[PDB]
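Shown next are two forms of a single protein chain, provided one at a time as structure tokens under the names structure 1 and structure 2.
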Structure 1
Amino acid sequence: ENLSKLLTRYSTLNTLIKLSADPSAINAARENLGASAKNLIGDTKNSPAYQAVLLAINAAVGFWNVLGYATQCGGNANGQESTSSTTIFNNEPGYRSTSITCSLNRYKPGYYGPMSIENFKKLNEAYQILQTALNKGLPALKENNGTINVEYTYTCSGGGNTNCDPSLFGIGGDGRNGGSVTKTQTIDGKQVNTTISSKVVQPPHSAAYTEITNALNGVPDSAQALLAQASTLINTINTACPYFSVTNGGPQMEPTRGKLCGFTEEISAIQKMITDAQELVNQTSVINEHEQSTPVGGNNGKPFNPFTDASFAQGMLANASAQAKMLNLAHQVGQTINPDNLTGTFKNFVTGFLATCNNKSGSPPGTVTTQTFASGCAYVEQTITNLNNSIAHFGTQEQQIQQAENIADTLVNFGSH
């Protein structure tokens, strides 16, 4: 009906309309958005956005740390059965080992069977890149131009084994022993130089093997790019759907054998966490494109008119709403995996395995040992705790973001007429 009988009931609205008419209050609100933007995209420990990115990525890594030791893999480079082919990937979490062996012969790679070596190559590379970056520490979300260097090895023995043949890498026909090739590769739209080198080794009393070294120079470490790597890791597991079987007083794996894509509730959560972090990282560009540091007021030195001097308000609203979205999504990521709200086999998988570390003493993130297998070793519990801590310490900033969203919303309304 009329404004008074309305403000009788909703007195915090009267106060809002008063702030919306006062430049000193509008500018105070804009200073605040400036500051909370910095907490969100310029900080690390105290940013919920950062902790949520880090959690999504660590969940992916942790899932493979738990289950890789038990995953069948093998065959030759053409994706077919091999007779006698042993292919060993270094710095992976295998049974009592820092390497995973793929030497399942005779059976044909594919669904409900052994993972082909082409897939394991895709999986490995993403794993080495993620663990390398986890080790050096993830950058703040605004820093999206950084790079790192990544290096990893794998070997081939057995007669018939085509997995390290030089034509696969563009190295000469000769040149398995000593040959090398340097070649730009394309990763998340950026240009990476990659050197691939081959040597033959002939030990004293045991079989000859080829060793391949991959050196990736200028890999991007931005949140966007590392989320793409996590996505490759978990999608390759889920699409290839290989067979696994576990060596089980202590925690109980459910199911104990079968196909890996059969952890549907776990892979769907992981994929949703990644998706939610991708969309969270995309608010970064909306914040940057609507900076709030220019002060506002009336003009020709007249007093401020909220119905005509407020064309800045659409920007202010977009900036505030984006921040509120980064906060809600960060919280969503954590709730998808927090064991306090899980049941059944899923809860058991998380508290039993994913959120634990059997490595020897807690060594730094990104670290594989002979005792990594069957546990997550990706700081999943500590990351949950720190997400919650950052959120508790964002109490005031969340309230300021809401006030600036309300002020800008009021001004946008006034200015339609």
Structure 2
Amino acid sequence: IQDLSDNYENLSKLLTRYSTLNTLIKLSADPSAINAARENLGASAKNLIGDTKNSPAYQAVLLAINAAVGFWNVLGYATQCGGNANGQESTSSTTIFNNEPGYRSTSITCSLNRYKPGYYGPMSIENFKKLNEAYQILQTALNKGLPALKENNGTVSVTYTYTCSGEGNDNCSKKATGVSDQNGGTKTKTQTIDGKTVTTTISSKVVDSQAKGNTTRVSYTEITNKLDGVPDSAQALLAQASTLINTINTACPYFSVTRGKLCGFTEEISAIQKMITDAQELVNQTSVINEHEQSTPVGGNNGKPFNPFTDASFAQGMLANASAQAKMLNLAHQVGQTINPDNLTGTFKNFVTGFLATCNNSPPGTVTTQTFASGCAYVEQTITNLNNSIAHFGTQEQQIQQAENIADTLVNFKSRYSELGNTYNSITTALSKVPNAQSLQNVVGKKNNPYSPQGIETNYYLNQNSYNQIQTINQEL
């Protein structure tokens, strides 16, 4: 019998594929099972793109965004910045950006002079402005709340200010800001973001050192930026998060809390770039689902019985729909795994547990004097809510898998049905090589079906009892 262990192994493996294929074939030949799977796809799609708390897709998008914001909240205060316009070194230019996580301040001050901005040096004012604008947009949208993935018409208004002090400072100058007058001029432009018409209003105001309220006693300009109609959407915010982390990686400025270059946090930046990319690909799947609705009846709803060989035009779209939902769930889990401290070690884990997933500072998008050196982007809570939503989606995931399997079977029905017969033949052959042949031959059987109009000439059967015994013997050897 010990010489029959490979025989029972092959027989057990074939019978499992036989039963799985047989059940899948019977499912995909049944219009009621098909319509139940198509109805499940519609409901799980509505949850994926319509929910917030209970959508793993939504939670993963929020996590990728918050990891980027929290990364800058940890390191922004220690980041060296300064200089003049177009990355030129400055003599005595002090440029302060408000609503930024500075050291014991709600502002980051850029006042490093006599050093040219660049890699491993100070971040240029041009790069900080690019960084700051994305930071303010993200924080304002996160404060309002990221809408569900199906939402394409949500907007926010974003307002932020920066001041220019010191002799020779051309950062709040006209060619930099492109206004007109600096003491009272204002400019209204339009910049189309993600297909949205965004109205931008830039204002300039000069405050001489003599003025009641100017406790700084240092003649300074103030630039106020007002963006109207900024898209608050998954795709739009992921692009802003991409701009934030990539501006950090591109400028790679010097920092000192340890000291070095910001792009030296190579593990953190690689993780955030991957999470943003995975989240963007996750969001891209919504249009695949949108263009493949499963609501309309199929079959199987005409005069004659459903034929899986000819009445399965809908299967390709059903497969694309289920494929997109499975891909959304897998990518959502991938975003969690990338940043989850339980999967990290060394310096990367210490960064997440000690800094990114904490908050010394409170509504989302809040900048306080204690924000610095802390993530303050609810990274810890979002990881928990993402994994909670994945567990909540377990039943729906299973239904997506079944739908996927049914749709894949219908697309390849001729080949899958033919594989079922070939598997039956390999089983009967393998049965002839196990001793005392006429004992368990009941395990598989087939009957011709002439007067059956589904185009399926042969029905395949399986003795669940004899199937069970063969599996136990296989387990015994």
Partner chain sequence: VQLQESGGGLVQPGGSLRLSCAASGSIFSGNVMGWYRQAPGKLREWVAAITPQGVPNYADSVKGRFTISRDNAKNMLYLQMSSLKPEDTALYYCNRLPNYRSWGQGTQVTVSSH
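Between two forms, the rigid core is the largest collection of C-alphas that superpose within 1.5 Å. Shifts are known only where both forms have a C-alpha. Residue 1 is the first residue of structure 1, and the numbers go on in sequence order from there.
In this pair, structure 2 matches the form solved without the partner chain, whereas the other structure does not. When both forms sit on the same rigid core, the CA shifts between the two structures reach 2 angstroms or more only at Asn299 out of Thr294, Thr264, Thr343, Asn299. Shown is the Cα shift of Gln283 between the two structures after rigid core superposition, which amounts to 0.4 Å. Here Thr83 exhibits a Cα shift of 1.0 Å between the two structures, evaluated on the superposed rigid core. Once the two forms are overlaid on the core, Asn14 shows a Cα shift of 2.2 Å between the two structures. Comparing the shared residues between the two structures on a common core, the stretches of 3 or more consecutive C-alphas each displaced by at least 2 Å are 1 to 15, 297 to 300, listed in sequence order.
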